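Dropping entry00.pdb in here (PDB, C-alpha atoms (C1' of nucleotides) and all ligand atoms):
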ATOM      1  CA  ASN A   1      26.153   1.462  23.680  1.00  0.00           C
ATOM      2  CA  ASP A   2      27.241   4.925  22.486  1.00  0.00           C
ATOM      3  CA  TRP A   3      26.230   5.396  18.866  1.00  0.00           C
ATOM      4  CA  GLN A   4      27.507   7.299  15.872  1.00  0.00           C
ATOM      5  CA  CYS A   5      25.219   9.639  13.973  1.00  0.00           C
ATOM      6  CA  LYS A   6      25.019   8.849  10.216  1.00  0.00           C
ATOM      7  CA  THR A   7      24.438  12.535   9.446  1.00  0.00           C
ATOM      8  CA  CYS A   8      27.200  14.419  11.336  1.00  0.00           C
ATOM      9  CA  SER A   9      29.400  11.564  12.693  1.00  0.00           C
ATOM     10  CA  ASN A  10      29.017  12.736  16.311  1.00  0.00           C
ATOM     11  CA  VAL A  11      29.356   9.944  18.843  1.00  0.00           C
ATOM     12  CA  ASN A  12      26.282  10.085  21.036  1.00  0.00           C
ATOM     13  CA  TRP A  13      25.807   8.859  24.540  1.00  0.00           C
ATOM     14  CA  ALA A  14      23.805   5.629  24.590  1.00  0.00           C
ATOM     15  CA  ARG A  15      20.876   7.232  26.450  1.00  0.00           C
ATOM     16  CA  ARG A  16      20.243   9.794  23.678  1.00  0.00           C
ATOM     17  CA  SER A  17      17.521   8.966  21.138  1.00  0.00           C
ATOM     18  CA  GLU A  18      18.500  11.904  18.910  1.00  0.00           C
ATOM     19  CA  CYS A  19      21.939  13.179  17.997  1.00  0.00           C
ATOM     20  CA  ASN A  20      23.259  15.673  20.537  1.00  0.00           C
ATOM     21  CA  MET A  21      24.664  17.880  17.797  1.00  0.00           C
ATOM     22  CA  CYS A  22      22.300  17.706  14.837  1.00  0.00           C
ATOM     23  CA  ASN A  23      19.117  16.303  16.417  1.00  0.00           C
ATOM     24  CA  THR A  24      18.844  13.492  13.835  1.00  0.00           C
ATOM     25  CA  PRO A  25      17.013  10.527  15.378  1.00  0.00           C
ATOM     26  CA  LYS A  26      19.004   7.369  16.030  1.00  0.00           C
ATOM     27  CA  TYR A  27      16.643   5.445  13.688  1.00  0.00           C
ATOM     28  CA  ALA A  28      17.246   7.938  10.848  1.00  0.00           C
ATOM     29  CA  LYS A  29      19.177   5.880   8.353  1.00  0.00           C
TER      30      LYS A  29
ATOM     31  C1'   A B   1      25.325  10.815  35.680  1.00  0.00           C
ATOM     32  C1'   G B   2      29.035  12.550  32.443  1.00  0.00           C
ATOM     33  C1'   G B   3      29.963  16.306  26.181  1.00  0.00           C
ATOM     34  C1'   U B   4      33.534  17.471  22.023  1.00  0.00           C
ATOM     35  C1'   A B   5      38.766  14.839  23.175  1.00  0.00           C
ATOM     36  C1'   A B   6      35.039   9.642  20.958  1.00  0.00           C
TER      37        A B   6
HETATM   38 ZN    ZN A 101      24.357  14.170  14.215  1.00  0.00          ZN
END
Could you express the structure from this file as structure tokens?
Ligand SMILES: [Zn+2]
Amino acid sequence: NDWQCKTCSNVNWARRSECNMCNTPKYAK
RNA sequence: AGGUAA
């Protein structure tokens, strides 16, 4: 369930609700 | 839990 950030392409651990690197929320699309 | 290698 890891997820890729639309904004910076970082692959975020499933448990994160915001990107680890750029802080963009998972729902921000 | 675990972060840059994904
Ligand atoms: Zn990001």
For this session: With the file shown as input, list the residues that the PyMOL selection byres ((chain A and not hetatm) within 9 of (chain B)) selects, as a list in words.
Result: residues 10, 11, 12, 13 and 20 of chain A
For this session: For the structure provided, state which residues fall under the PyMOL selection byres (((not hetatm)) within 9 of (chain A and resi 101)), and present them as a list in words.
Result: residues 4, 5, 6, 7, 8, 9, 10, 11, 12, 18, 19, 20, 21, 22, 23, 24, 25 and 26 of chain A
Got time to write the residues from that selection, C-alpha atoms, as a PDB file, in the frame of the given file?
ATOM      1  CA  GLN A   4      27.507   7.299  15.872  1.00  0.00           C
ATOM      2  CA  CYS A   5      25.219   9.639  13.973  1.00  0.00           C
ATOM      3  CA  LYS A   6      25.019   8.849  10.216  1.00  0.00           C
ATOM      4  CA  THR A   7      24.438  12.535   9.446  1.00  0.00           C
ATOM      5  CA  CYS A   8      27.200  14.419  11.336  1.00  0.00           C
ATOM      6  CA  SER A   9      29.400  11.564  12.693  1.00  0.00           C
ATOM      7  CA  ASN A  10      29.017  12.736  16.311  1.00  0.00           C
ATOM      8  CA  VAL A  11      29.356   9.944  18.843  1.00  0.00           C
ATOM      9  CA  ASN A  12      26.282  10.085  21.036  1.00  0.00           C
ATOM     10  CA  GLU A  18      18.500  11.904  18.910  1.00  0.00           C
ATOM     11  CA  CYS A  19      21.939  13.179  17.997  1.00  0.00           C
ATOM     12  CA  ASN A  20      23.259  15.673  20.537  1.00  0.00           C
ATOM     13  CA  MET A  21      24.664  17.880  17.797  1.00  0.00           C
ATOM     14  CA  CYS A  22      22.300  17.706  14.837  1.00  0.00           C
ATOM     15  CA  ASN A  23      19.117  16.303  16.417  1.00  0.00           C
ATOM     16  CA  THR A  24      18.844  13.492  13.835  1.00  0.00           C
ATOM     17  CA  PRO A  25      17.013  10.527  15.378  1.00  0.00           C
ATOM     18  CA  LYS A  26      19.004   7.369  16.030  1.00  0.00           C
TER      19      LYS A  26
END
Emit as AutoDock Vina command-line options the padded axis-aligned box for all listed atoms of segment 4-11 of chain A, 6 Å per side, with centre and edge lengths in Å to one decimal.
--center_x 26.9 --center_y 10.9 --center_z 14.1 --size_x 17.0 --size_y 19.1 --size_z 21.4
For this session: Could you tell me which residues the PyMOL selection byres (((chain A and resi 14) around 6) and not hetatm) returns for this structure, as a ChimeraX atom specification?
Result: /A:1-2,13,15-16
